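Working notes, structure below.
Numbers here are sequence positions counted from 1.
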Amino acid sequence: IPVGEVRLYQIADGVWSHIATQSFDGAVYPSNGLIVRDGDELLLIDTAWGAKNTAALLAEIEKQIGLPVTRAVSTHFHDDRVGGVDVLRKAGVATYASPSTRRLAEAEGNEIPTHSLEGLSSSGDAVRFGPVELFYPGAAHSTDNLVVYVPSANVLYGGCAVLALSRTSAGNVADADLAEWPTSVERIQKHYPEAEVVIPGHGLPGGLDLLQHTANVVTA
Ligand SMILES: O=C(N[C@H](Cc1c[nH]c2ccccc12)C(=O)O)c1nc(Cl)c2ccccc2c1O
Ligand SMILES: [Zn+2]
Ligand SMILES: [Zn+2]
């Protein structure tokens, strides 16, 4: 609706989604990310799409949860996922991404997470990272995109590889692999068959049906 606002809400015990709005090429869009508690610390999944928005997110997190963000992971190299990494670093947060994501961000002119994730090289690879599992499903919205599962809550965060139910277009496919995308969605289906909440990269949370909806949109 209005640009530059940031909110959080509860998904499960120790799991929240953050939502922010931003202006892009003459239009305003919402965008989602995740927050996961690990003891008395927080793990952040993806920026809030810009420096100003990311600084507001840290202030909302401090007022509403009150535990420190110590680590952050960006799930691909575009600005809605890394824009704000420099604010996070100045706040003392350790920032991470795959090596391919870090190289692509630099090619693009974007902010670059400091540390490289290990073990995510081929389609189907998965690694534990504190309270979440990180999965590379294959190329989809981009060749580097990751998805994130929370075993304690049975929640799947699909990022920009998963479209909301209300979407009719795949959007910016400049870096997409439309030929591979359906296969990558099937890999998620088969790896996390039991997930009961699926959070897309933009729009309302849904169920596993979002994976088949995504396939349908991307095919057309
Ligand atoms: O075309 C989009 N959306 C329309 C409208 C829509 C339905 N449901 C939505 C839920 C959220 C945002 C837009 C919608 C759709 O698919 O019919 C679209 N959406 C987003 Cl996010 C984009 C983000 C970044 C760059 C381009 C984008 C984009 O083109
Ligand atoms: Zn993107
Ligand atoms: Zn996106």
Side-chain angles (χ1 to χ4, degrees), residues 8-19 31-48 57 61 64-70 72-76 81 88 93-101 113 115-117 119-127 129-142 144-165 183-189 191-215:
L8 324 168
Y9 65 96
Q10 195 94 48
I11 299 293
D13 166 55
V15 188
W16 305 257
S17 188
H18 63 87
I19 302 195
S31 181
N32 306 320
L34 215 71
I35 310 160
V36 187
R37 176 163 76 72
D38 184 17
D40 59 1
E41 296 180 11
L42 305 183
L43 172 64
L44 175 66
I45 307 299
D46 284 327
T47 67
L57 173 60
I61 288 176
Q64 304 189 43
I65 308 172
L67 300 169
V69 174
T70 57
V73 175
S74 295
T75 64
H76 76 277
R81 309 299 147 181
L88 292 178
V93 182
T95 55
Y96 298 77
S98 71
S100 298
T101 291
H115 309 283
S116 287
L117 298 164
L120 294 169
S121 294
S122 318
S123 297
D125 283 343
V127 296
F129 198 81
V132 307
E133 173 169 282
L134 306 176
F135 185 65
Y136 176 54
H141 167 75
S142 58
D144 65 319
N145 45 210
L146 311 174
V147 299
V148 180
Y149 184 70
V150 196
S152 73
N154 194 28
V155 168
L156 181 61
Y157 173 71
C160 296
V162 175
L163 300 173
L165 239 191
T183 296
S184 303
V185 163
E186 180 181 284
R187 284 199 193 87
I188 301 171
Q189 293 172 322
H191 201 256
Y192 300 113
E194 81 276 37
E196 65 191 273
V197 180
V198 179
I199 299 171
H202 314 266
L204 279 54
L208 270 189
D209 55 312
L210 257 40
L211 299 186
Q212 184 56 42
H213 181 68
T214 295

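Expressed to the nearest 0.5 Å, how far CD1 of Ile19 lies from OG of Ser31 amounts to 9.0 Å. Rounding to the nearest 0.5 Å gives a distance of 9.5 Å between CD of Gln10 and CD1 of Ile35. In this structure, the separation between CG on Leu146 and CG on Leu117 is 7.0 Å, given to the nearest 0.5 Å.
Residues satisfying the side chain to side chain contact (heavy atoms under 4.5 Å, CB included) test with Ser123, not counting sequence neighbours, are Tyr136, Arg187. A search for side-chain hydrogen bond (donor to acceptor under 3.5 Å, both in side chains) contacts involving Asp125 returns nothing, not counting sequence neighbours. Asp144 pairs by the side-chain hydrogen bond (donor to acceptor under 3.5 Å, both in side chains) definition with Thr101, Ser142, not counting sequence neighbours. In terms of the side chain to side chain contact (heavy atoms under 4.5 Å, CB included) criterion, residue partners of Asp38 (sequence neighbours excluded) are, by chain and number, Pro131.
Contact annotation: the side chain of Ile61 approaches that of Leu42 to within less than 4.5 Å [non-hydrogen atoms, C-beta and beyond]. At least one side-chain heavy atom of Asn145 sits less than 4.5 Å from a side-chain heavy atom of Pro137. Two residues are said to be in side-chain contact when any heavy atoms from C-beta on lie closer than 4.5 Å; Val162 and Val198 meet this criterion. The shortest side-chain heavy-atom distance between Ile11 and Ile199 falls under the 4.5 Å cut-off.
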Verdict with reasoning, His18 to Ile45, per side-chain contact (heavy atoms from CB on, under 4.5 Å)
CA-CA 9 Å; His18 63 87; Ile45 307 299; over 6 Å; no
As a quick check of understanding, evaluate side-chain contact (heavy atoms from CB on, under 4.5 Å) for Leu120 and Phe135, giving each step before the final call.
CA-CA 7 Å; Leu120 294 169; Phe135 185 65; over 6 Å; no
Could you please spell out the steps behind the side-chain contact (heavy atoms from CB on, under 4.5 Å) verdict for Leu43 and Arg37?
CA-CA 6 Å; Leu43 172 64; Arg37 176 163 76 72; over 6 Å; no
Walk me through it: do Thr47 and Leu57 pass the test side-chain contact (heavy atoms from CB on, under 4.5 Å)?
CA-CA 9 Å; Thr47 67; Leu57 173 60; over 6 Å; no
Indicate every side-chain donor-acceptor pair of residues 200-213 with a distance under 3.5 Å to a residue at least two apart or in another chain.
| unit_1 | atom_1 | unit_2 | atom_2 | d |
| --- | --- | --- | --- | --- |
| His202 | ND1 | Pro30 | O | 2.8 |
| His202 | NE2 | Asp80 | OD2 | 3.4 |
| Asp209 | OD1 | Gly207 | N | 3.2 |
| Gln212 | NE2 | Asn216 | OD1 | 3.0 |
| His213 | NE2 | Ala164 | O | 3.4 |
| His213 | NE2 | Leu165 | O | 3.0 |
| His213 | NE2 | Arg167 | O | 3.1 |

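Under the side chain to side chain donor-acceptor pair (under 3.5 Å) criterion, the residue pairs touching residues 155-165 are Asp46-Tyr157, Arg81-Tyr157, with sequence neighbours excluded.
Looking only at distances, no side-chain donor or acceptor of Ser17 sits under 3.5 Å from a matching main-chain atom of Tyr9.
Taking all atoms of both residues into account, the shortest heavy-atom contact from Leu44 to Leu34 is CD1-O, 3.6 Å. Here the closest non-hydrogen pair linking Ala72 and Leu88 is CB-CD1, 3.9 Å. Pairing each heavy atom of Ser184 with each of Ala139, the nearest pair is OG-O, 2.7 Å. Residue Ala126 comes nearest to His191 through the heavy atom pair CB-CE1, 4.2 Å, listed as atom of the first residue, atom of the second, then distance. Across all non-hydrogen atoms, the minimal contact from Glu194 to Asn154 is O-ND2, 2.8 Å. Closest heavy-atom contact between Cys160 and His141: O-CB, 3.3 Å.
Aromatic ring orientation, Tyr149 versus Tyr192: parallel (interplanar angle below 30°, classes split at 30° and 60°).
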